[PDB]
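**Student:** Starting off with a structure, shown below.
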Amino acid sequence: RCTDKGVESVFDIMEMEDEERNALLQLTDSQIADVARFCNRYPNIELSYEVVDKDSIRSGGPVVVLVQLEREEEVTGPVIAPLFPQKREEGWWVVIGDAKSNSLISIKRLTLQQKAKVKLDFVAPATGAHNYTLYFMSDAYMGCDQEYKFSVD
């Protein structure tokens with residue numbers, strides 16, 4: 001039903017109203033209690049990046065990118081695991097790489113539960129600027145593959 005209308009992801013469905021949510025397909029008294037809770041427990045974390053010396057960067061000098069995970073929702077309980085046997089805490093992976101060369105620049109695990117900070121350093125080669133992409137991938141939920149493209153040097 002969703003493919004025949006033009007909605008595929010959860011963000012394209014969570015942006016509707018309560019009547020619109022129940023007006024797309026069938027609904028039940030228990031689905032609303034669990035569906036609403038799953039959406040509240042999903043990671044609603046925004047991105048925030050900072051680069052130091054974007055123009056004053058040369059070849060050889062190490063560069064760092066600071067990433068702040070601005071979470072706009074409170075964390076109440078672990079991730080939803082209807083099929084997973086163990087209750088595990090959600091994790092994060094702040095990974096930066098090359099979208100074309102397919103080279104992983106850096107990656108660091110993160111567990112905040114709130115607005116935290118993560119710093120990652122790397123070394124850039126010569127021959128001017130390099131176009132890097134910063135991605136945030138979790139290990140427990142989809143729909144949060146936030147990719148930001150930028151360049152340094």
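Readers should treat all values here as calculations from the given coordinates under stated rules, not as data from a laboratory. Here the Cβ positions follow ideal geometry from the backbone for every residue, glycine too, while neighbour counts run over all protein chains shown.
**Student:** So which GluC sites (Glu not before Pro) in region 52-153 are both in a DSSP loop and have at most 13 other Cβ atoms within 10 Å of their Cβ?
**Tutor:** Passing both the DSSP loop test and the Cβ count: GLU72, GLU73, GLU74, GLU89.
**Student:** On to the next question. For the chain, what is the number of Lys pairs with C-alpha distance below 15 angstrom, counting only pairs 8 or more positions apart or on separate chains?
**Tutor:** Numbers: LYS54/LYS149; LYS100/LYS149; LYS108/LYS117; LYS108/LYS119.
Summing the qualifying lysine pairs gives 4.
**Student:** A follow-up question, please. How are the Cα pair distances of region 78-152 distributed, in percent, across 10 Å bins from 0?
**Tutor:** 16, 44, 25, 12, 3, 0
**Student:** Between the helical axis of 29-41 and the dominant principal axis of the chain, each derived from Cα atoms, what acute angle in degrees is found, rounded to the nearest 10?
**Tutor:** The angle comes out near 10 degrees.
**Student:** Sticking with this structure for a sec: Once the Cβ-Cβ distance between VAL118 and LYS54 is put in as r, and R0 is 25 Å, what FRET efficiency do you end up with, to the nearest 0.05?
**Tutor:** Result of the calculation: an efficiency of 0.85.
**Student:** Pick from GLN114, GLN31, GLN86 the residue whose mean-square fluctuation is largest in a GNM of the chain, springs joining Cα atoms under 10 Å.
**Tutor:** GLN86
**Student:** Compute the relative contact order of region 1-145 as a whole-number percentage, counting only Cα pairs closer than 8 Å that sit 6 or more residues apart in sequence.
**Tutor:** Once normalised by length, the contact order is 24 percent.
**Student:** Just the number, please: Stokes-Einstein D of region 18-84 in µm²/s, Kirkwood Rh from C-alpha pairs, 37 °C, 0.692 mPa s.
**Tutor:** Answer from the Stokes-Einstein relation: 203 µm²/s.
**Student:** Placing +1 at every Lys and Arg Cβ and -1 at every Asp and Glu Cβ, with all other atoms neutral, what dipole size does the chain have around its Cα centre, in debye to the nearest 20?
**Tutor:** Taking the Cα centre of the chain as origin, the dipole is about 760 debye.
**Student:** At a Förster radius of 25 Å, what calculated FRET efficiency corresponds to the Cβ-Cβ distance of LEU104 and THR3, to the nearest 0.05?
**Tutor:** On the way: r = 33 Å, r/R0 = 1.34.
Efficiency computed from Cβ-Cβ geometry: 0.15.
**Student:** From the Cα trace of region 6-153, what convex hull volume per residue do you get, rounded to a whole Å³?
**Tutor:** Once divided by residue count, the hull of region 6-153 is 147 Å³.
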